[PDB]
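Encoded as structure tokens, the structure appears first; notes follow it.
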Amino acid sequence: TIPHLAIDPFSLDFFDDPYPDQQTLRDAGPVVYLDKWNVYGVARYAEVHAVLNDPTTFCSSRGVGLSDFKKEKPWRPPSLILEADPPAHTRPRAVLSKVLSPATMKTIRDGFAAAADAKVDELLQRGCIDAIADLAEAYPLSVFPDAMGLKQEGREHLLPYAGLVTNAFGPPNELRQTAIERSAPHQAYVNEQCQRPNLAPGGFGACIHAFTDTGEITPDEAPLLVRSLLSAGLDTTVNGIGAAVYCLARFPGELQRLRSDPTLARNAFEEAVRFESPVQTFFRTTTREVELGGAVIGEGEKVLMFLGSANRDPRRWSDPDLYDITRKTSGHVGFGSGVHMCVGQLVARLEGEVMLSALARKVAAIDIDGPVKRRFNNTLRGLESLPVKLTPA
Ligand code: HEM
Ligand SMILES: COc1ccc(C(=O)O)cc1
């Protein structure tokens, strides 16, 4: 009853151009079996949404990567939020929700916006820049580590540690094994900065530790919650901002709409998250036999959710392969859905918004003027290099 496919969604050929194979996965049926890795897959919006919103049946505590924590030891101590289920997930989640809350955004927005304006001013003096290294990477690195309260030394470990985390979600292919092989210095730095004395007052890290006396988390749980923000707080924001610039360069008509109304900046970034989905995939593990889209899945089975495919499913979206900055993006799963829905989504949206705002007000044209190079990652989609010429407005 279940179609079996040989598509490897963690192969370089798939990463290079995933959209044909994603249509093949969607159109084969609501539930497929991927013979390459012995996992079930769901690529349509309907099933991805249903799986995300049943955390009891499709749990996260056995890992959201390929590895089943009931069978293999995790490569690091499990995340207290990403790799936990309710009720254990609930109170650590509440702490991170308050640390990255709407009220918190008010305290950082002025500085985040000023740094975005300053970066675009700087890039316009150069003219021809690399929109990844010089913009999508440079800007989040200039605001988020400071907002965490991290010292200056050792920050070069942050993006390599994130690449380790996201490649480690994948199967034991070369991308994963090579990341783990080189991991030791990046893990050592990150684990050390999670300790309370190393986090500057007022920052995200210090605020997590401050919650340890409310009864929501214990003192020994605070370092791992800081670890979550150091794991996830940068790489997808980089990829999302790079995706947005990529979209505005490929769809000049949408840049012109954004220039004419800079208040479209927030939705232009949200549409970029739907369109290029920085997080392509996450796994769940069945806790029981379950019927999903007319398919019977046994207990203890890994289910691969194609978030990027769900965000381009024509059963849900009109013209899904068009970048439309006034699209009603509500309901896309680029940040997930349900109880694990990205707790740092307000930070990512703030950075994306103020950067696209600076571009909307300061830049007249964005033209690719060099070879575009893709970055390969078992879990993330993003660019390695995006040479563009910025023309001032
Ligand atoms: C464009 C940027 C981002 C994207 C596309 C993204 C994507 C996602 C997705 C899809 C999930 C769901 C995980 C699941 O369902 O298993 C998630 C969760 C999470 N994200 Fe993000 N994220 C982004 C930015 C951030 C930022 C900036 C932070 C921290 C400052 C962050 C921290 C987290 C954490 C801690 C979780 C776990 C939440 C939970 O398990 O309850 N992310 N993210
Ligand atoms: C890629 O998204 C995430 C989310 C959470 C974590 C974590 O909690 O460690 C890591 C990566």
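Reckoned from all heavy atoms, side chains included, excluding hydrogens, waters and symmetry mates. Remember, it's 1-based here, ligands and their atoms both numbered in the order they're listed. The residues of the chain are indexed from 1 along the displayed sequence.
Listed by number with element, the atoms of ligand 1 under 4.0 angstrom from any heavy atom of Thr237 are 2 (C), 27 (C). If you number the atoms of ligand 1 from 1 as listed, the ones under 4.0 Å from a heavy atom of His89 come out as 39 (C), 41 (O).
Below 30°, between 30° and 60°, or above 60°: for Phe251 and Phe275 the angle between ring planes is above 60°, a perpendicular geometry. Ring-plane geometry between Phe10 and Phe15 is classed as perpendicular, the angle between the planes exceeding 60 degrees on a 0 to 90 degree scale with a lower cut at 30.
The part of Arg93 lying near ligand 1 is the side chain, judged by heavy-atom distances below 4.0 Å. Of the heavy atoms in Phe144, only side-chain atoms (C-beta onward) come closer than 4.0 Å to ligand 1. Only side-chain heavy atoms of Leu307 come within less than 4.0 Å of ligand 1; its backbone N, CA, C and O stay farther off.
Figure legend: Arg312 and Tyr19 shown as a cation-pi pair, the cationic atom lying under 6.0 angstrom from the six-membered ring centre and within 45 degrees of its axis. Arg284 forms no cation-pi arrangement with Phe58, by the criterion of a distance under 6.0 Å to the ring centre and an angle within 45° of the ring axis. Geometrically, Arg250 engages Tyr246 in a cation-pi contact defined by less than 6.0 Å to the ring centre and at most 45° from the axis.
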Show me a pair-per-line table, with atom names and distances to 0.1 Å, of protein N or O atoms that are under 3.5 Å from an N or O of ligand 2.
from: ligand 2; atom 1: 8 (O); to: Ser79; atom 2: OG; distance (Å): 2.8
from: ligand 2; atom 1: 8 (O); to: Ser228; atom 2: OG; distance (Å): 2.7
from: ligand 2; atom 1: 9 (O); to: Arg76; atom 2: NH2; distance (Å): 2.9

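For atom 39 (C) of ligand 1, the closest non-hydrogen atom on the protein side is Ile81 CG1, 3.1 Å. Protein heavy atom in closest approach to atom 14 (C) of ligand 1: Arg284 NH2, 3.4 Å. Distance from atom 13 (C) of ligand 1 to its nearest protein heavy atom, with residue and atom name: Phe282 CE1, 3.6 Å.
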Query - Test log, rule salt bridge (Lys or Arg N to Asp or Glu O under 4.0 Å), inputs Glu216 and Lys98 - result: CA-CA 11 Å; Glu216 287 176 280; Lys98 297 172 192 174; 2.8 Å; yes
Requested in this report: Quick one: do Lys389 and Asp367 satisfy salt bridge (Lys or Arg N to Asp or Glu O under 4.0 Å)? Show the steps, please.
Outcome: CA-CA 5 Å; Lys389 162 171 267 297; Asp367 294 301; over 6 Å; no
**Report entry** Worked verdict on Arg26 versus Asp21 for salt bridge (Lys or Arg N to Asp or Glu O under 4.0 Å)
**Finding:** CA-CA 9 Å; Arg26 287 191 303 267; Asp21 283 354; over 6 Å; no
Requested in this report: Mind running salt bridge (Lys or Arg N to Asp or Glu O under 4.0 Å) on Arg327 and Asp319 for me, showing each step along the way?
Outcome: CA-CA 10 Å; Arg327 180 189 301 273; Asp319 300 304; over 6 Å; no
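The closest approach between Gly334 and ligand 1 falls below 4.0 Å for a heavy atom of the residue. Residue-ligand proximity: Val339 is placed with a non-hydrogen atom under 4.0 Å from ligand 1.
Of the N and O atoms on the side chains of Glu351 and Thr237, not one donor lies less than 3.5 Å from an acceptor on the other residue. Side-chain atoms of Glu276 and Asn239 form no donor-acceptor pair, as typed in the model, at a separation below 3.5 Å. With 3.5 Å as the limit, one finds a donor-acceptor pair spanning the side chains of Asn38 and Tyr33. Using modelled atom types and a 3.5 Å distance limit, the side chains of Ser11 and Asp13 yield no donor-acceptor pair.
Ligand 1 has an N or O atom lying under 3.5 Å from an N or O atom of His340, backbone or side chain.
Of all protein N/O/S atoms, those under 2.8 Å from atom 21 (Fe) of ligand 1 are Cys342 SG, and waters are not counted.
Taking the salt bridge (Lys or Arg N to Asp or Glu O under 4.0 Å) definition, one finds that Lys119 meets it with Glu122, sequence neighbours left out.
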Which atom pairs, donor and acceptor, lie under 3.5 Å between side-chain atoms of residues 328-337 and protein residues at least two apart or in another chain?
from: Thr329; atom 1: OG1; to: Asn267; atom 2: OD1; distance (Å): 3.3
from: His332; atom 1: ND1; to: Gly334; atom 2: N; distance (Å): 2.9
from: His332; atom 1: NE2; to: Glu270; atom 2: OE2; distance (Å): 2.6
from: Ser337; atom 1: OG; to: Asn53; atom 2: ND2; distance (Å): 3.0

